[PDB]
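Have a look at the structure below, then the notes.
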Amino acid sequence: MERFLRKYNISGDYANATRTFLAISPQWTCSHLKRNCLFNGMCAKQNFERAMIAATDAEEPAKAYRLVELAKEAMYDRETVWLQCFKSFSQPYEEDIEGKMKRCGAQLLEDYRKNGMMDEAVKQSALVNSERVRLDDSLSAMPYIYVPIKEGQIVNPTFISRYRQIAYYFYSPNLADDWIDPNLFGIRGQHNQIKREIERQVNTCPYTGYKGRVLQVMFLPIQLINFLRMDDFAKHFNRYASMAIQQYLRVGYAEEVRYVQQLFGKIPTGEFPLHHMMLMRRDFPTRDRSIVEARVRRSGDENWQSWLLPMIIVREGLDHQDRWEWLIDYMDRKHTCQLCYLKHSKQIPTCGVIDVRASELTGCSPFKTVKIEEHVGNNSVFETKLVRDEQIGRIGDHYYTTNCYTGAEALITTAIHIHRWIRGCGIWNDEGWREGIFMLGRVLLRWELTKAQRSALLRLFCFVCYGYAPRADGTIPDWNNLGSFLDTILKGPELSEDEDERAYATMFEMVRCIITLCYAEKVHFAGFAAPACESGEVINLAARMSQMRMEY
């Protein structure tokens with residue numbers, strides 16, 4: 001193919017089209033209902049290789065750009081481009097897989113280097129120390145901060161525990177008849193007693209060596225202490241309980257509406273919208289009162305995700321008055337992940353997930369509806385065929401797919417989903433490669449890009465393979481500012497015409513190999529057999545050998 005491009009000096013923008021269509025024209029169906037496609041003997045689309053060699057030494061300067069323009073017009077129906085590209089990648093691509101992946105994996109080093117990514121990565125300290133897994137948004141610990149109040153005064157504690165700044169408070173939740181804001185005026189004097197309580201009972205916090213100074217408190221039930229002694233149960237729970245108080249520490253400030261919005265959706269009018277959403281008489285069959293009483297009264301199990309509060313079943317109740325029955329059913333049966341319960345509740349796969357954080361920065365709307373996919377935790381094989389303007393998304397361990405059109409819209413969604421889940425891994429843990437590059441592949445084939453968006457994805461292959469490399473000090477940098485992230489990705493210098501061809505050749509070949517290994521078929525039928533050996537000269541020889549072996 002290369003002499004066809006180098007002879008006519010076909011530029012790199014056209015050569016992106018011909019490098020795709022050589023793999024597609026072996027199966028590119030066509031019905032020549034308008035007769036423009038035929039090239040003097042045959043379909044030039046369906047026979048793209050033979051017509052290319054025929055147009056090579058014929059030496060026709062018009063017909064070179066004629067065949068590429070006939071190839072670009074072939075590619076416009078991008079939907080069935082994806083059906084033929086992916087199906088052509090599922091059979092064994094019988095070539096040297098590793099050495100092609102090795103050199104193209106070596107070219108993504110220098111592209112990272114000559115980009116400003118390596119200069120930016122030195123500034124990205126405050127490293128990815130052992131909390132590398134990013135927090136979930138459906139799962140929240142905001143109900144446990146409320147004051148447990150009975151008839152007259154706050155319940156005296158039974159057991160006392162502690163984390164780094166937050167204080168734990170164990171009480172039997174059969175007692176407290178109501179729950180009330182810790183920012184209350186009459187309790188504000190009482191509240192600073194109980195901070196002085198805990199550092200007198202339990203000084204420097206048990207889970208880490210940190211000398212004692214308490215500033216917040218959370219009130220917890222009693223049956224949780226039997227689980228919070230267990231070790232891995234603490235690590236998930238503590239950083240999810242301490243996430244609540246930093247939401248709580250902005251409540252008097254002008255930021256707070258964003259935390260109320262992304263966690264809930266609808267916002268109350270009036271002062272304290274956070275508390276006067278979380279604490280209101282809501283529709284129930286059993287105990288017609290606030291939703292913290294719907295959680296605190298109901299127990300948990302060994303799974304740590306059952307104690308915290310699920311938002312997805314909540315936002316059903318906020319918009320339909322049936323759904324409040326379904327909120328109390330989940331808290332009894334105590335399932336772990338949330339989206340699976342809907343699929344087994346005989347429910348349509350559509351539900352809502354909100355992204356107020358990035359949508360205020362760039363995005364169109366934080367609100368969207370998704371199509372769920374199955375609860376997969378072990379298999380990094382995404383194992384799901386995609387069609388009709390869709391894209392992988394992940395919240396929790398459930399994958400989901402989103403209808404998204406006009407792939408500049410679905411460009412940015414990929415830059416966000418990479419920003420969540422590719423962190424912590426790199427050249428060593430390959431679990432971020434084969435899923436991440438598969439996302440980078442689909443956008444590059446299912447949708448149409450412009451010139452500058454080819455400069456965007458080369459930054460992402462340099463980001464997935466090399467963003468979390470251990471730096472010159474051995475420190476592994478942390479990409480956390482989305483305002484520093486997307487402006488580094490989306491805005492940059494425009495690529496050269498010739499380096500477009502060199503980069504897209506490195507993109508498309510790394511795309512094809514990751515699809516090939518995760519979707520090969522190494523099980524086959526035996527295409528041959530050779531039991532052509534002699535009968536007795538094998539058997540009486542092998543029977544002698546055993547008779548010697550048994551002899552002592």
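A note on labels: chains of the structure tokens are A, B, ... as shown, every chain counts residues from 1, and ligands are counted from 1 in their shown order.
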
Practice item. List the neighbours of region 65-73 of chain A out to 9 Å using only C-alpha atoms; skip same-chain residues closer than 2 positions along the sequence, and give me the result as a list in words. Key: residues 8, 10, 14, 15, 17, 18, 21, 37, 44, 45, 48, 51, 52, 55, 61, 62, 63, 75, 76 and 77 of chain A

Point to revise | Pairwise distance for CA of residue 301 (chain A) and CA of residue 334 (chain A), rounded to one decimal in Å | key: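 Separating CA of residue 301 (chain A) from CA of residue 334 (chain A) is a distance of 6.8 Å.
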
Exercise for review: Run DSSP on the backbone of this structure and report the residues of region 149-380 of chain A it assigns to strand (DSSP E or B), as a ChimeraX atom specification.
Suggested key: /A:149,154,159-162,167-171,178-180,218-221,309-310,350-354,367-375

Contact check, region 345-410 of chain A to region 441-446 of chain A, at most 12 Å, counting only C-alpha atoms, closest pairs as a Markdown table:
| residue | atom | partner | partner_atom | distance |
| --- | --- | --- | --- | --- |
| A:385 | CA | A:442 | CA | 11.1 |
| A:386 | CA | A:442 | CA | 9.1 |
| A:387 | CA | A:446 | CA | 8.7 |
| A:388 | CA | A:446 | CA | 8.7 |
| A:389 | CA | A:446 | CA | 7.3 |
| A:390 | CA | A:446 | CA | 8.9 |
| A:391 | CA | A:442 | CA | 7.9 |
| A:392 | CA | A:442 | CA | 9.6 |
| A:404 | CA | A:443 | CA | 10.7 |
| A:405 | CA | A:446 | CA | 10.1 |
| A:406 | CA | A:446 | CA | 9.7 |
| A:407 | CA | A:443 | CA | 6.7 |
| A:408 | CA | A:443 | CA | 9.1 |
| A:409 | CA | A:443 | CA | 10.3 |
| A:410 | CA | A:443 | CA | 7.3 |

Point to revise | Nearest to residue 471 (chain A), chosen from A:419, A:7, A:123, A:323, with only C-alpha atoms counted in the distances | key: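 With only C-alpha atoms as the atom set, the closest residue is A:123.
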
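Checking A:293, A:316, A:283, A:95 one by one against residue 221 (chain A), counting only C-alpha atoms, you find the shortest gap at A:293.
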